[PDB]
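Only one chain is given next, in structure tokens, and it is the form deposited in one PDB entry.
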């Protein structure tokens, strides 16, 4: 129910933003934004893609990094060979913001994933207006009807949905919703326990055409390689990178893992 408390805060925060920037305005801004980058093409490039994340804090970790300059962090990520930059935009528990998404979008050429708790259409157009190419949808957070709607709207704007699951049953739901990219989060968003075997148990079940992403818990090359050996097409890493004194070198180490 960490997840439930997060969603309560998110719904209130979204409503307050919408009161200042209307749904019509954000839809217009999204329509006017330059088209999203082809995330699927990025994910199909050779090698295990590293999705490097901008995250200042989390429920499980508390404060991780000040990240006064998220653009400069993202530039390091791209310099290190990251495939995609993930930007956490949730304010109350992760100390992120849409400002971070703008800063990162303006600083890198690689695709940008908005990492937040998407529960209503407003957030989807908002992500697009602020330059997101990829958008997280969390199966644990969304009733199937809502998941399918959110996925449809995401794709309608040309963005790719990263549909996040923690169980086989959630993976089955993701497939039925039309997921083309499925992320397995090793962290249980309810209880905050990290189980890195999740990906290995779930990944084999997926149609080969679905892109598989392993999220969370990567401390170094060994963890990345373990995910790759279980079939990950990409791996998403936050804590180990944001706490680095040399994010460029840390990313490059992961990017070149197994060489």
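Whichever C-alpha set is largest while still superposing within 1.5 Å between the two forms counts as the rigid core. Residue numbers count along the first chain shown, from 1.
One more form of this protein, deposited in another entry, exists but is not displayed; see below.
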{"query": "Per-residue C-alpha change between this form and the one not shown, residue 208, threshold 2 Å, rigid core fit", "finding": "no"}
{"query": "CA of residue 45, rigid core aligned, shift of 2 Å or more between this form and the one not shown", "finding": "no"}
{"query": "Threshold 2 Å Cα movement between this form and the one not shown at residue 62, rigid core reference", "finding": "yes"}
{"query": "Distance direction in the other entry for the C-alpha atoms of residue 142 and residue 191, relative to the displayed form (3 angstroms or more)", "finding": "farther"}
{"query": "CA-CA separation of residue 243 and residue 248, closer or farther in the other entry than in the form shown [shift of 3 angstroms or more]", "finding": "closer"}
